[PDB]
Amino acid sequence: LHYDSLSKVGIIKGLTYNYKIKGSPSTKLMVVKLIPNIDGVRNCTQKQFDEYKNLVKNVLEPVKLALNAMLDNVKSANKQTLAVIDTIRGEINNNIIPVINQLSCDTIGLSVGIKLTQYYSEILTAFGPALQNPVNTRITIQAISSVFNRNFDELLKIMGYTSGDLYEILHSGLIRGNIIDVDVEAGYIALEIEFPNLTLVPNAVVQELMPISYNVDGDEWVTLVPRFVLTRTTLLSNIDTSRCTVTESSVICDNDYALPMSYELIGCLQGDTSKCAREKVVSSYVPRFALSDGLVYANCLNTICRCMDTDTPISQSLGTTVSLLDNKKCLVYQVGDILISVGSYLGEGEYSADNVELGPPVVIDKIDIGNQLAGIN
Amino acid sequence: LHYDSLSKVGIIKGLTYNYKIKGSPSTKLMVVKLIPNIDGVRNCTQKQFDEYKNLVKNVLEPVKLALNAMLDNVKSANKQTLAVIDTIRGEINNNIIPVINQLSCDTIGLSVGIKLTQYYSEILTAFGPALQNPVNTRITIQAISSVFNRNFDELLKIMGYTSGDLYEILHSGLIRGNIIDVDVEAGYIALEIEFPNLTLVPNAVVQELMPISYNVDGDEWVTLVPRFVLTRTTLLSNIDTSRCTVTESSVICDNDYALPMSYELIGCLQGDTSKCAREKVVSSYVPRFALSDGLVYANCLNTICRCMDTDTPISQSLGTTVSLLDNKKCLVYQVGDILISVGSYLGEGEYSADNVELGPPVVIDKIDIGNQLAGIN
Amino acid sequence: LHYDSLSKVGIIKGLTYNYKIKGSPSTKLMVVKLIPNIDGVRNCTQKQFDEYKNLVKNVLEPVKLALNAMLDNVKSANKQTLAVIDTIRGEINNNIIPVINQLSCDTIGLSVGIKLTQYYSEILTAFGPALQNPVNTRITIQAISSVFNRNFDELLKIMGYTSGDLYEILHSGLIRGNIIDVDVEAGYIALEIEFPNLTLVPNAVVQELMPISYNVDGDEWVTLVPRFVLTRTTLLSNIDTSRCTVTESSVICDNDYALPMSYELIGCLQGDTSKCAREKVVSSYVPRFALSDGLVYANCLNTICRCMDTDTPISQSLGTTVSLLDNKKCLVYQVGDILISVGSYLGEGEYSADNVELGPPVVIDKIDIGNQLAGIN
Ligand SMILES: *[C@@H]1O[C@H](CO)[C@@H](O)[C@H](O)[C@H]1NC(C)=O
Ligand SMILES: *[C@@H]1O[C@H](CO)[C@@H](O)[C@H](O)[C@H]1NC(C)=O
Ligand SMILES: *[C@@H]1O[C@H](CO)[C@@H](O)[C@H](O)[C@H]1NC(C)=O
Ligand SMILES: *[C@@H]1O[C@H](CO)[C@@H](O)[C@H](O)[C@H]1NC(C)=O
Ligand SMILES: *[C@@H]1O[C@H](CO)[C@@H](O)[C@H](O)[C@H]1NC(C)=O
Ligand SMILES: *[C@@H]1O[C@H](CO)[C@@H](O)[C@H](O)[C@H]1NC(C)=O
């Protein structure tokens, strides 16, 4: 593939991708427990533990019901003084002490209630999607690290992934899973996770071609070539990416979609330019620009191009039909009737809670009558 | 494009979309803090604050680990009486008071614990996806309003969006972001958000064409035209939408996919009908109906059509090969062997909590012995 | 369609799918209330209820703002002794009792605060997506069971779904919804849910064809056929699935994409093999294998095939151009320069909380001076 001789034919070099073939996934089963084991002094904590269980039931019961509906489709003077003293003792012993003791277990109960609530939130974060959609979920990073015991070296080694594969796999969301079974009373869900096996085709590189209009002897012409062509070593072939997943780094296809390329097209791509079926534009709309990673290419030889906020027209020095516009002059270009903006940077911000100041507890002072008793003795 | 003369050829007018070209996104960085600054009487709150920190660590550590694995891919008698009194004072001063004072800080601790838990839930709602999937997330509306300080007029002004663009952008989910870095101990994540720059092509309208079978001199025929044709002013061109995002209002493509249209096709679309490559149907299955926004069009001149629950056959008055069925007669139509239902309305419902009634607190009465002391004095 | 005679031409039978046409969805409106009705002793609970309301406001206000921005686009000695006794009574009555009574309502307040927090978490689980993305969300299973009162028999009956439809609908995520209106002060959102109406085309089966290279008289050849062909009874037609949703069980298309098939292709598919436009491979890359549900087919007659970890070469007995490799011998195959792995099983694991042990409450002993009073009397 020779680009220098295609540029003058109106074909602009586009993005480059590697080429991978997707095979059957590896499977790993994980059981997620929603109700923690809390034991000891059950009579003290009981009330908060039961409300928690109802939260879990309300979340899991709809999963069980859906799985049953789909059962066939799921894959798997001294006397008076003493009387006063005893009366006071009575009120302390019958009212004050019993209340304080009850408050001590209300406190433990609430502490457990908070701890349980946070545990649910941790699960909601990691296995949220699993609970929300029993079929075909996207697996989170927290769920993955749990699966491999927080060891990504082991993850890569077992799957045979490079750092580049982990990145594009997470980008596309190719790690998926399903709930196969649940136990509502126990608070258990059985989640099955599928980890894809990707294979790299050696030296196979996919090259995008972006044709735009150009002028020649007269009139306006467009050259017609496949948008995507596959090059390996010295071989060229046609591909169809409409059924493939495309990431920034590679094209991931199930099966191998390469097909034989015609002689005439091979000729053009390699620099012949003898044929390159160019077609005359008479009563059709055709493109006059192409965009690649922020670069703007345009046929400013045919149409009127302008740089905004400099109020300056754009022209060509000839020797080419396609010019690259310089992004260092302005943010907005006009090509024909279309205004093209660029990806400028906006200032940094933050999200946070307001600062919180706590006040002191109410503290009861000690009762000290030593100075009075001393004067009675 | 002249529809009246295409109807008699078996081509039914379909949906209409505008046409837009997607360029490089604008970038804005936001730092999200998961641990709030709570200060004052640290000895009182400490215990609940530490459990919260462990929740945050369990959520963020897997993000840090994944980012490191992907480091190369991430973009960025009086004496006895006194003895009794002092004994009672002792039990109050050594047992009752110390317990009450401890309960006062247990209460403050629990209050902080609840407040912290709710803060996490707010973050889980707005930045949930960011934490779950470090690469290529969909940005929530809460995260967006945070970015623009709850001012959507500013949002639209900076990006150059109309209300129609904000709607279709949220519909498709074109606002994306990534975590670039984290600090597990600090509880910080650095989230980068990409806001797309869409440009409108003036007067460019995409029109869907839906061919069905029809009869003529004899036998059964189907006319073959591209499903999508692009019309601007007086110009027609071919497009390929298999690589574009399609919303209810518009087709959003990266780069411009328009290509020159052949003379013969232009002729047909504009009403010539001289060629319109019609092909004979001999041993193939072909469509006899078309659906558009609930409208059902059918070739009831060729096949048998019926209106269900009226038990009434459907017929044509001729003068056309395509008839539109009236949705005011029945909900289910039969065309040939296929039963076609319509989008009926189901009754309104609600989701809510059961009403909760609270009981009163236990209240300790005051100790009043004034009437007894008065009789001793 | 006759496969035995296509195998020798290099065409391998692929996956089989049913064929369905998607029509207008049924609509059901549900109102979700985020603030529960808690009443009684309002002076005791008030403080925690107000903090909860602020959580709800922070989540809903951005939804209201977005809806307003999009308003035009949204679809809808004895005396001294008595003095000591009264002094002690004073400290109990003025310090100890008031504090204990306050702790009793602090306890009720905290209990309500926990209960409210959990309710929000339940909503975040079921209607999370609705709050996060006001436009075009995926509906969760919890939201669906709420809509049908936890009765999936009613769900299937009303929609006319079979268990197979519920499964593939949840798999693809075809149940969608939008927030049409909100009330921030009331804590209400109005969520509209669209349930798709799918219709099955009788006997319509889509068959995938996977061509690979083969040898014949000499040189290397590839036969070119459409990847997907539609067969009904005795009729064959061409389809285009690039615009359709594909599930494991079926192809779900809006409208009907079948078009007439050419005579020559019908001939080949039915076993003629007279034409089958076979093309010579001269300077192109072509596939030498095909993958289907873990099965690996390969042209080991043309290239070199090996079984890894057995260190054994793979050969053919002839009588065929395509051989199926046996997955019971090894996990990794080499075909040409490409290493193909298989979906092996990884061991079962679990996610859970550490077991928690609770200690006892602090219990205040009763004050017993009966033995001393008895010696004074
Ligand atoms: C727990 O409460 C029950 C009454 O529901 C009581 O019978 C039992 O003895 C209590 N157990 C303890 C250890 O307090
Ligand atoms: C008061 O008298 C009691 C008699 O038992 C004695 O124990 C106590 O220490 C005396 N208090 C003072 C201040 O002398
Ligand atoms: C906090 O607790 C520590 C013991 O862990 C103690 O040394 C310190 O004095 C306490 N500070 C306050 C203000 O109570
Ligand atoms: C009881 O006697 C004490 C002596 O100090 C006095 O202060 C108190 O008011 C008297 N109480 C009554 C009810 O007379
Ligand atoms: C509630 O508190 C207010 C003061 O904010 C007070 O006026 C009112 O009487 C109290 N009501 C009850 C039932 O305690
Ligand atoms: C002490 O004397 C009082 C006088 O009212 C009497 O009620 C109480 O029972 C006596 N206590 C004992 C242990 O005798």
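Reconstructed Cβ throughout: ideal geometry from the backbone, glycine too, with neighbour counts over all protein chains shown. Just so you know, all these numbers are worked out from the coordinates, no wet-lab data involved.
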Exercise for review: Could you pull out every one of the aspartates and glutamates with an alpha carbon less than 16 Å from that of C:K157, ignoring same-chain neighbours closer than 8 positions?
Suggested key: C:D165
Revision key, fill the gap. Rounded to the nearest 500, the 222 nm mean residue ellipticity computed for chain B from DSSP H runs (n ≥ 4, each -39500 (n - 2.57)) alone is -10000 deg cm²/dmol
Study note, to complete from the structure: Note on the protein assembly as shown: the mean projected area of its alpha-carbon convex hull, in nm², is 56.2 nm²
Point to revise | region A:65-113-region A:240-256 distance, computed between alpha-carbon centres (Å) | key: 63 Å
Point to revise | Per-copy distances of the A:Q46 label point, shortest first, in nm (7 angstrom along Cα→Cβ) | key: 3.4, 3.4
Check your understanding: For region B:288-343, max minus min Cα coordinate along each principal axis, in Å, sorted largest first?
Key -> 29, 25, 21
Practice item. Report Rg(Cα)/(2.2 N^0.38 Å) for region A:134-280, keeping two decimals. Key: 1.54
Revision key, fill the gap. Proxy exposure order for C:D354, A:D72, A:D368 (fewest C-beta within 10 Å first) is C:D354, A:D72, A:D368
Review point. How many partner chain Cβ atoms sit within 10 Å of a residue's Cβ in peptide A:233-241, on average, as a whole number?
Key: 3
Point to revise | Modelled FRET efficiency - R0 25 Å, C:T162 with B:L324, Cβ distances, 0.05 increments | key: 0.25
Check your understanding: Which order do B:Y285, A:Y345, A:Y17 fall in if you start with the one that has the fewest other Cβ atoms within 10 Å?
Key -> A:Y345, A:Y17, B:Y285
Check your understanding: Evaluated at 25 °C with a viscosity of 0.890 mPa s, what Stokes-Einstein diffusion coefficient in µm²/s does chain B have when Rh comes from the Kirkwood expression over alpha-carbon pairs?
Key -> 85 µm²/s
**Study point:** Cα centroid of region B:194-234 to Cα centroid of region C:166-207, whole Å
**Key:** 27 Å
Exercise for review: Show which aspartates and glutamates lie in cross-link reach of A:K13 when reach means a straight Cα distance below 13 angstrom and same-chain residues fewer than eight apart are skipped.
Suggested key: A:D4, A:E208, A:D293
Review point. From the label point of B:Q270, set 7 Å along Cα to the beta carbon, how far off in nm is each other copy's matching point, shortest first?
Key: 4.1, 4.1
Point to revise | Magnitude of the charge dipole, the protein assembly as shown, Cβ model with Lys/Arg +1 and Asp/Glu -1, debye to 20 | key: 500 debye
Practice item. Consider all pairwise Cα distances in region A:1-121 and report the whole-number % of them above 17 Å. Key: 79 percent
Study note, to complete from the structure: A correct fewest-to-most ranking of C:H171, A:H2 by other Cβ atoms within 10 Å would be A:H2, C:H171
Point to revise | Convex hull (Cα only) mean projected area of region C:198-313, reported in nm² to one decimal | key: 10.2 nm²
Check your understanding: Between copies, how far does the label point of C:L156 sit from its twins, in nm, shortest first, when each point is 7 Å from Cα along Cα→Cβ?
Key -> 4.8, 4.8
Point to revise | Selection from C:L156, B:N302, A:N43 lying farthest towards where the dipole of the protein assembly as shown points positive, charges on Cβ | key: B:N302
